Amino acid sequence: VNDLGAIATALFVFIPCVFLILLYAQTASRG
Amino acid sequence: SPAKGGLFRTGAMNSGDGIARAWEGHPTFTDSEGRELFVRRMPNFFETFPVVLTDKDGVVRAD
Amino acid sequence: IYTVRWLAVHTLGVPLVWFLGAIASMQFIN
Amino acid sequence: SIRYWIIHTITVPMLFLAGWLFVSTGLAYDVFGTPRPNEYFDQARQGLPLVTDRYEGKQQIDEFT
Amino acid sequence: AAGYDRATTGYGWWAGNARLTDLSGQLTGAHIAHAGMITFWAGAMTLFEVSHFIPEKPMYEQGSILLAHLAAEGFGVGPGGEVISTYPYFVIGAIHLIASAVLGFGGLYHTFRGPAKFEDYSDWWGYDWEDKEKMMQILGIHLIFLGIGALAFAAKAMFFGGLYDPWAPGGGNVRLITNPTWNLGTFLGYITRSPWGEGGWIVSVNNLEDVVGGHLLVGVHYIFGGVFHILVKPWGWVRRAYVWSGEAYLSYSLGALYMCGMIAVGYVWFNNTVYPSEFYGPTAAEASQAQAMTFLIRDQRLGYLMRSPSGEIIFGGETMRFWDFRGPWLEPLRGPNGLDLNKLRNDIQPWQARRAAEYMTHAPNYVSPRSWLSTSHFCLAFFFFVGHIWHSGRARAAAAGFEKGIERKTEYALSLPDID
Amino acid sequence: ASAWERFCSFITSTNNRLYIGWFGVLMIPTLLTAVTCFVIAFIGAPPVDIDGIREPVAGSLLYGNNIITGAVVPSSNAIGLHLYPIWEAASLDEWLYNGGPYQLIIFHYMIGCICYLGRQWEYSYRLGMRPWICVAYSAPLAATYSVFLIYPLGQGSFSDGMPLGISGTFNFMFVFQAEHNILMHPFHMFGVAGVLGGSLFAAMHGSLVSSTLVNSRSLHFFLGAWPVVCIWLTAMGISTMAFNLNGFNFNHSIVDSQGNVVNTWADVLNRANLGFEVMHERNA
Amino acid sequence: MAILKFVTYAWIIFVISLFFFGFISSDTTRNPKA
Amino acid sequence: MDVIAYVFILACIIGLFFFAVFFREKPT
Amino acid sequence: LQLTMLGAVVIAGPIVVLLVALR
Amino acid sequence: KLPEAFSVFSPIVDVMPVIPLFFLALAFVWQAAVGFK
Amino acid sequence: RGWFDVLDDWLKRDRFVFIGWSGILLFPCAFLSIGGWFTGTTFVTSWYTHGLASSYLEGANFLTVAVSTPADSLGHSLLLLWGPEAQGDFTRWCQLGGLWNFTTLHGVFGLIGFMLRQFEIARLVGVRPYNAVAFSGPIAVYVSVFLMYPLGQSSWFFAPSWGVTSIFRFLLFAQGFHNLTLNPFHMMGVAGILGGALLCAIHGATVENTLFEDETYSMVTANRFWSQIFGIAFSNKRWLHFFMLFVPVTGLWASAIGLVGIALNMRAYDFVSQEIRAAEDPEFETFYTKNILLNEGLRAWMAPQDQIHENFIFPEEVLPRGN
Amino acid sequence: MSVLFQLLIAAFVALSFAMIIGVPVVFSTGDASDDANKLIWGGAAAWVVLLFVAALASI
Ligand code: CL7
Ligand SMILES: CC1=CCCC(C)(C)[C@H]1/C=C/C(C)=C/C=C/C(C)=C/C=C/C=C(C)/C=C/C=C(C)/C=C/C1=C(C)CCCC1(C)C
Ligand SMILES: CC1=CCCC(C)(C)[C@H]1/C=C/C(C)=C/C=C/C(C)=C/C=C/C=C(C)/C=C/C=C(C)/C=C/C1=C(C)CCCC1(C)C
Ligand SMILES: CC1=CCCC(C)(C)[C@H]1\C=C/C(C)=C/C=C/C(C)=C/C=C/C=C(C)/C=C/C=C(C)/C=C/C1=C(C)CCCC1(C)C
Ligand SMILES: [Fe+2]
């Protein structure tokens, strides 16, 4: 299979996920 | 042709059928009786095509 | 008396009736 | 009410018959080029009249006609 | 008029029959009229199918279903599934039409003329839904009638003409059953048989002795149970484990009818004994096996089998899915372990070889009576399941009191402790 | 405070995080069994002799497939409608080879679905609300029972049931179209109208409410009723087609006056069905 | 195998009995309004 | 190794279900 | 041919309705 | 085929089976008379 | 008050129906599109373009009438009634398939007029025009299927002919040649549509079954019911209805992108690793491979007659079979 | 007596249709009960008698 298939899947999984988690964390810290 | 690709077939075309190096020359086909027939070319649509060598007059000779 | 609604009703009904007659006529074709 | 009834009674069946006769008298076949049931093929003209050229399509149909 | 409007009942016209819940006389009239409808349909359809009957064509080719039911019971049939005369069918249809006339008269009479609420006229016929004893007794009486009916069917099978047994020698023949099965071990083996392909629950009955004995047993039980219901009270736990209202009884009946409809579909689609293939046409299994055997006959005439998963001799191809199918025209060519090839070499009597092709053509353009019955009654059974759910839920809620909506100021969810 | 009473008050209690109830008592084990076996047999499971011809077909992830192409293959053609419990099997490897996991999954799953409907009713009762969510839920239930149970019953074997996989579903759809011409069956047209119209009405209702919120009850009744009725109809259509009562057929309809046949779109559709069918039917 | 079959049968019977006795145990008194 | 990618995404989905069910902020 | 009896029944029904409808 | 005595009444039977449907339709006609009150 | 203000007020005046400025584009175009379809089904045949009998005069059924697409030789010619093809001859215009172009183009402008109409009505009433944004999805589907797809192909001949069985032919053609079911965007479209139906059904049932005994339903009871039955529930009404709006529209847009992809044969037709692994050994058989075989069969058995203009001649020997 | 039998059945159909029309009106509205009740019950009795007569007249 594509050697970049796993990398593309991983980055697709990760980047929006870390974005959303960062937004939620900097929301919840605030009152 | 740009109408023979795919959405997730990635990379350059040479990653596909490979890189060309030489043209084998125009081929011509003959049957037992010596009649000169031709192969019908695959249109853009078909992913696979049935090979059919037909007489120029429109009669299928071999396949 | 030529209200816009009159126009609309007729623009619908006239061809509708004509085509209904035509289709009925086709039904009796052998 | 009552008044329009006269007009519709006089007219609507006339329109119905208009469509009826438009089909029955065979006018539709000429108007729309639709073949008569015998015009699909001659006694042996079983080939299909398919257009092969964009530029002279109407004349080619005239040949097919 | 009064009570026939939305204001005086609370039910819209589209739920008009709901108004009949507590009007005993008119409700009884509606039931009687509806029974008249059913029997009118029976008689009318019988007369229609007789009027369009054609003696040369088979029933299943001809396309008759009410006639096949009578043919199974043997009214005017002969050996090998041949009619002798369509007169008894006419007799049955006419009787049903007359009975429908009488029932319709009674229904109209109670609907309009007779008393509206029997409670005013008398007390045996005046009943209220929430009277548990009265409902028990009525259920018992009707159970007794059903039991008499079942025993009547058994008596017909034993003394009056019998039934068309398609396991009689040389093709089917009308027979009178003389040795009913009564061993209880057989009955338990039938009940506790797997509903799956591992046998068949009750659909797997293949001889008529078991059918007649089963009807005998059930009629006896129905009469006994009716007497028991008349003579006793509902137990305390029974009184505490049900809902006692008209709609609840309707929902229970709906559930029972849904179950019966599914079972009837199973019977008509998998059974070739109590639905003789001579009349309803071959089952899907019978059609596939007949096709396989006819092809084998042709291939043996001009100069295919295999092993079962358990290792017997079965046919090959798709038809392996019907490896365990048993049939009258195929049973003589059996063996201890599957149909032997040697038997198929020289044991095919002419009538079996004719039945094979006759069934191969009519595989269920052409739609078998089995297809009609199966599809219609599967759809009916599913919708009756839906109705069972609807009415059971409504009965439970109405008995509880929250049927017409949640109460704004005493809402129950507002008092529960939050789960988070 | 009898031990039995304490147990009953535990199960039929509105303070659990998820309501259990008596129907849930059956729902939980059956659903857990189905989920566990589905996961196990979808990750890794041997090839299955779907055609009952000693030739296998693989469908698991560890045997090469991905999510789009993987599936749980239906039980073998030789088994027919026979239940195939593990303890009724010659050998575990053989039992896998005949497709037992499919049977396990579908049976536990169907029992769990019907018990889930019951649980919906039960909790609607326990909370004091009109109990007709279950009636609405009965439509997709009917659809699943059609593809998984009723169609194999009509066809005589579970090998004709729907595969449990994304591509298996499409293969099932195409074979069904080939053998029964479902597109030209009016009930499937009702189902298509049902789903498309349900989406239309959902979009309209959502847009209206969210635009103005910045008999009207009959509106929500119609919302609930329309797609449910259409799904009932299309499930019944599938069920009827399970008994060889196929849809409409207009092939070879118009004929020339002398005796020739003029093609219509229905003939093109029939030829497409012919292609699908002849590619099916390994032998004859 | 034999252990598995026994355990499965016992479980099915137990769960079915639980269902039955639950629904006969006066579960018409669980509604809010009651 | 694709199997690992698929299984990891699936396990993350199941964990998300667990947290979304038992750890949602209380509606009010 | 058979439309006569069907029309007769179609007359029979609503006539039965109408005779009550007069009172 | 009907008994040869009854054959004369063949057309009537031809409309018997579809009679029940009318009853259902009849209901709305009844509810048409009272104006769906 | 100039003529323009008089005209504007006259358009906005209350009637049985509201015209507005949008009406000037919507009503003529919608009416012409509908009339074109009715005429094409009633009288005009496709005997010369597809060699079919797709009209009532021919004796077709309601399920088999179709305003069939123009011939293949015309490419993407607009087929104006006065163009180089028709040259003002109405009969040749009909026979060549110009009714398809007439209907489709006037349909495009009718859809545009309808979206503008919803904008205008929402402007008059004074509420957010979420209805227009919702309707944006159907326009995307229409433009992707009836314009972009035949434009990416050889001719209008490959567009969906306006009908019922013709649309079914289009569906089967798409599966055979583009393997559409395996396209992820079509999968998102299917999920969107089925989820929209699911949302409509359960929302209706919930609102009916949490009615107060007199908005009008117990949101608290509904929330608790779904939380304890399913696990999750909407605790916000605005979110609930915006989600109902959002799901089907998104499904339609995803499917639209899928359809524009296959318009260029940029189709997800196969998985490379599966093809390689099947090439290595013939025992390896999965459902995807059998789907591929079905596609081969459908292509081979449909091409000789569907694309009659190509004069395909495949003998019985080359036709794939399950031997 | 075959023609007699056919005429009898025709009369049976006539009476049956007459009862079909009359019975709902007589039963629903008992405003003219004095003659209506006699009419309807006599029609029923004639119906029963005619059916019983035809029973033997068949053979
Ligand atoms: C489909 C699910 C269903 C089933 C099978 C079912 N019911 Mg109900 N049902 C009743 C009896 C009943 C009986 C005796 C019975 C079994 O014989 C059933 N039901 C069965 C009455 C007590 C009560 C009042 C019913 C009442 O007063 O009137 C009934 C109303 C109507 C419009 C009947 C017209 C039928 C529809 C047009 C369907 C068309 C089918 C088609 C013609 C078939 C032929 C094909 C054709 C295309 C050729 C009742 C109701 C009601 C409902 C509802 C929703 C149902 N049901 C549903 C069912 C009330 O609101 C309502 C209710 O309870 O409100 C309080
Ligand atoms: C007659 C026939 C002809 C062919 C030959 C053959 C041998 C097959 C013969 C068949 C004879 C047979 C099979 C006889 C046996 C019939 C049997 C076992 C019928 C059993 C049916 C089981 C049923 C209802 C289950 C009922 C349980 C119910 C309701 C629920 C009850 C309770 C619950 C849990 C909810 C609330 C209400 C209540 C009462 C508390
Ligand atoms: C509705 C339905 C469901 C329940 C059963 C029931 C039988 C009732 C069934 C009804 C069926 C029937 C009989 C439907 C009849 C439908 C028909 C034919 C309606 C047709 C109306 C016809 C119309 C507009 C035609 C308009 C034509 C126009 C502008 C022509 C446009 C033109 C074109 C196309 C070429 C250039 C010139 C010009 C003039 C611009
Ligand atoms: C109703 C309707 C539906 C939708 C709403 C809408 C407002 C449009 C409304 C409008 C119009 C319609 C469809 C009206 C339909 C009216 C009809 C067909 C009424 C007919 C009722 C027929 C009935 C009783 C027939 C009963 C026959 C019986 C006893 C038996 C008769 C007999 C038998 C078979 C034995 C031989 C002798 C004899 C007398 C022939
Ligand atoms: Fe809402």
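As stated in the entry header, the method of structure determination is cryo-EM and the reported resolution is 3.3 Å.

Moving on, we get to the site of ligand 1. Residues and elements named next belong to chain E. Every one of the 14 residues lining ligand 1 counts as a neighbour, but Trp-14, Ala-15, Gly-16, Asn-17 and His-391 are closest to it. Interatomic distance of 3.3 Å between a backbone N/O atom of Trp-14 and an oxygen atom of ligand 1. Between ligand 1 and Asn-17, the relevant distance is 2.5 Å, taken from an oxygen atom to a main-chain nitrogen or oxygen of the residue. Of all the secondary structure elements, the ones that give two or more residues to the shell around ligand 1 are α10 (246-270) and α15 (369-400).

What follows is about the interface of chain K and chain E. Across the contact, 11 residues belong to chain K and 12 residues belong to chain E. Across the chain K/chain E interface, buried area totals approximately 1,100 Å², and carbon plus sulfur atoms make up 51% of it. Between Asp214(K) and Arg408(E) there is a salt bridge; the shortest N-O distance is 3.5 Å. Our count for the contact surface shared by chain K and chain E stands at 5 residue pairs in polar contact. For the side of chain K that touches chain E, a count of residues per class yields 3 nonpolar, 4 polar and 4 charged.

For the iron ion (ligand 5), the full set of protein donor atoms is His205(F) (NE2), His220(F) (NE2), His203(K) (NE2) and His241(K) (NE2), and the range of their distances to it is 2.5 to 2.6 Å. One way to put it: the 4 donor atoms around the iron ion (ligand 5) meet at angles of 71 to 159 degrees, and that makes the site irregular. Residue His205(F) is located in helix α7 (residues 186-212), and its partner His241(K) is located in helix α9 (residues 237-263); the two belong to separate chains. For the pair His205(F) and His241(K), one class covers both residues: buried.

The next subject is the coordination of the magnesium atom of ligand 1. For the magnesium atom of ligand 1, the protein contributes exactly one donor atom, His391(E) (NE2), at 2.8 Å. Tracing the backbone shows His391(E) in helix α15.

Of all 21 pairs of chains sharing an interface, the pair with the highest contact count is chains F and K. Nowhere do chain B and chain F come into contact; their C-alpha atoms are at least 14 Å apart. With no contact between them, chain A and chain J keep their nearest C-alpha atoms 58 Å apart.

Residue and element names in this part refer to chain E. Within the secondary structure, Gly-43 is located in helix α1 (residues 24-51). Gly-43 sits in the buried class, given a relative accessible area of 0%. Between the C-alpha atoms of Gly-43 and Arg-193, which are 150 residues apart in sequence, the distance is 37 Å. Discounting chain neighbours no more than four positions away, the residues touching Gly-43 are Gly-93, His-96 and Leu-97.

Enumeration according to the criterion identifies 35 salt bridges over all chains in this entry. Linking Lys409(E) and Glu407(E) is a salt bridge whose minimum nitrogen-to-oxygen distance equals 3.9 Å. By relative accessible area, which is 22% here, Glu407(E) ends up partly exposed. Beyond isolated ion pairs, a larger network of salt bridges with shared partners links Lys4(B), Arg9(B), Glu47(B), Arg267(K) and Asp270(K).

What counts and what doesn't
Residues numbered from 1 in each chain as written, not as in the entry; some residues may be left out. Chains lettered and ligands numbered in written order. Part of a larger assembly, values for the part shown. Heavy atoms only, no water. Near = heavy atom within 4 Å. Polar contact = N/O pair within 3.5 Å; in protein donor to acceptor, adjacent residues only side chain to side chain. Helix = DSSP H or I, 4+ residues; strand = E, 2+ residues; numbered from the N terminus. Contact = heavy atoms within 4.5 Å. Buried area = accessible area lost by both parts, 1.4 Å probe. Salt bridge = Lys/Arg side-chain N within 4 Å of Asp/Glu carboxyl O. Nonpolar A, V, L, I, M, F, W, Y, C, P; charged D, E, K, R; others polar. Donors = N, O, S within 2.8 Å, 3.2 Å for Na, K, Ca; no water. Tetrahedral: all angles 85-135°; square planar, octahedral: opposite > 155°, others 65-115°. Buried < 20%, exposed > 50% of the residue type's maximum accessible area, 1.4 Å probe, protein only.

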